[PDB]
Amino acid sequence: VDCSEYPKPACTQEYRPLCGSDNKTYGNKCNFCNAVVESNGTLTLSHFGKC
Amino acid sequence: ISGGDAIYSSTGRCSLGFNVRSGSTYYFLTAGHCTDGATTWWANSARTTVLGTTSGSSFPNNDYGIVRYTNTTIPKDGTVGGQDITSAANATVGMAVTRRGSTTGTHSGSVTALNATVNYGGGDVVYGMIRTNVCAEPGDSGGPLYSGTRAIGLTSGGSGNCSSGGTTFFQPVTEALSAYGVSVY
């Protein structure tokens with residue numbers, strides 16, 4: 001996962017979780033990538049799957 | 001299994017929108033972004049209870065898909081959680097609506113606009129969507145949007161979350177019923 005093309009005004013809502021560097025489980029790549037932007041590039045991917 | 005319950009495909013989890021049928025054949029509706037590239041569907045994470053196989057999928061442009069039940073025994077309630085659904089109807093601005101999804105459960109709100117275009121990026125653009133101020137979170141895709149005993153739509157996507165508030169766009173259910181020639185029961 002590369003979030004360059006983010007942000008996105010909306011995300012579909014299927015569930016395929018990713019684990020963020022904030023120990024938060026992000027429900028999908030779109031959700032995660034929008035959070036990276038919102039973090040101003042400080043949030044990163046820990047691993048794929050639930051935290 | 002009923003509207004709002006979890007559905008699992010090879011790729012991830014979505015939610016069942018509505019149970020429908022044509023003649024003696026039973027199917028279920030869900031989001032097309034969920035049925036896209038999915039074949040088989042199961043009722044649990046374990047993939048041990050088979051529900052059926054994808055019969056149609058319309059995404060992007062629209063956002064509806066339909067799965068044909070292959071499981072004979074599983075009960076097929078024409079409900080949404082235990083709420084009976086007896087008809088389908090068109091959405092209207094200021095209409096009070098309710099959504100149920102497998103991740104967040106049931107949340108309510110209003111229809112704020114019609115015919116919205118939603119750009120999910122990468123060429124994935126959907127049109128003719130119902131905008132509402134109801135929140136939705138990952139796993140809630142394809143769940144029902146209803147009003148009373150009226151089927152209204154299928155969760156497609158949006159932004160924000162249930163804690164702070166958000167915006168969710170739904171696919172009008174009528175359009176899906178019409179395309180497949182099925183009906184709510």
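For the numbers below, each heavy atom of this structure counts, side chains included, while hydrogens, waters and symmetry mates do not. Every chain is numbered from 1 and lettered A, B, ... according to where its sequence line falls, protein lines coming before strand lines.
For the pair B:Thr54 (side chain) and B:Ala38 (backbone), a donor-acceptor distance under 3.5 Å is present. Formation of a donor-acceptor pair under 3.5 Å by the B:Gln83 side chain with backbone atoms of B:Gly148 is found in this model. The closest donor-acceptor contact from the side chain of B:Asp77 to the backbone of B:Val80 lies at 3.5 Å or more, if one exists at all. For B:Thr103 (side chain) and B:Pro138 (main-chain N/O), a donor-acceptor pair under 3.5 Å exists by modelled atom type. Of the possible polar contacts, none joining the B:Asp84 side chain to the B:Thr149 backbone as a donor-acceptor pair under 3.5 Å is found. Without hydrogens or angle criteria, A:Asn34 side chain to A:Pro7 main chain gives no donor-acceptor distance under 3.5 Å. Checked by atom type and distance alone, the side chain of B:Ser15 pairs as donor or acceptor with a backbone atom of B:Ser102 at under 3.5 Å. Using a distance-only test at 3.5 Å, with no hydrogens or angles considered, no donor-acceptor pair links the side chain of B:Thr167 to the main chain of B:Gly158. With hydrogens and angles ignored, the 3.5 Å screen pairs no side-chain donor or acceptor of B:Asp124 with any backbone N or O of B:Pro60. Between the side chain of A:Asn28 and the backbone N or O of A:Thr12, at least one donor-acceptor pair lies under 3.5 Å.
Among B:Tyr64, B:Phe18, B:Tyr27, the one residue that satisfies the ring-ring contact (aromatic ring centres under 6.0 Å, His included) test with B:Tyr180 is B:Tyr64. With B:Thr168 as the fixed residue, the side chain to side chain contact (heavy atoms under 4.5 Å, CB included) test singles out one of B:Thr132, B:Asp140, B:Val97, B:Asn133: B:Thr132.
The heavy-atom pair separating A:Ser39 from A:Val36 by the smallest distance is OG-O, 2.7 Å. Annotation for B:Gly4 and B:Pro144: closest pair N-CD, 3.3 Å, computed over non-hydrogen atoms. Of all the heavy atoms in B:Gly12 and B:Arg47, the pair that sits closest is O-NH2, 4.4 Å. Scanning both residues, A:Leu43 and A:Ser21, for their nearest heavy atoms gives CD1-OG, 3.5 Å.
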Output, in order, the C-alpha distance, side-chain angles, deciding distance and verdict of side-chain contact (heavy atoms from CB on, under 4.5 Å) for B:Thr49 and B:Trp42. CA-CA 5 Å; B:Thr49 298; B:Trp42 294 268; 5.7 Å; no
Going through the distances and angles, do B:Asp5 and B:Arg100 end up as a side-chain contact (heavy atoms from CB on, under 4.5 Å)? CA-CA 8 Å; B:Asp5 295 344; B:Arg100 175 184 202 259; 2.9 Å; yes
Let's go through A:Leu45 and A:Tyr26 carefully: what are the C-alpha distance in whole Å and the side-chain angles of both, what is the deciding distance for side-chain contact (heavy atoms from CB on, under 4.5 Å) to 0.1 Å, and is it a yes or a no? CA-CA 10 Å; A:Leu45 189 73; A:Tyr26 291 80; over 6 Å; no
Just do the side-chain contact (heavy atoms from CB on, under 4.5 Å) check on B:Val111 and B:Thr92 with the steps written out, would you? CA-CA 7 Å; B:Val111 169; B:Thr92 64; over 6 Å; no
Does the pair B:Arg99 and B:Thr104 meet the rule for a side chain to side chain donor-acceptor pair (under 3.5 Å), with working shown? CA-CA 9 Å; B:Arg99 176 187 55 70; B:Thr104 57; 2.8 Å; yes
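Residue A:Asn40 places its CG atom among 12 or fewer non-hydrogen atoms of other residues, nucleotides or ligands, all under 6.0 Å distant. For CZ of A:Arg16, the number of neighbouring non-hydrogen atoms (other residues, nucleotides, ligands) closer than 6.0 Å is 12 at most.
Within the structure, the ring-ring contact (aromatic ring centres under 6.0 Å, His included) test picks out no pair touching residues 76-128 of chain B (sequence neighbours left out).
In summary, the side chains of B:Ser45 and B:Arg13 do not present any donor paired with an acceptor at a separation below 3.5 Å, with no hydrogens or angles considered.
Grouping the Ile, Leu, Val, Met, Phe, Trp and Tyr side chains by contacts below 4.5 angstrom, directly or via other members, places B:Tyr8 apart from B:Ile74.
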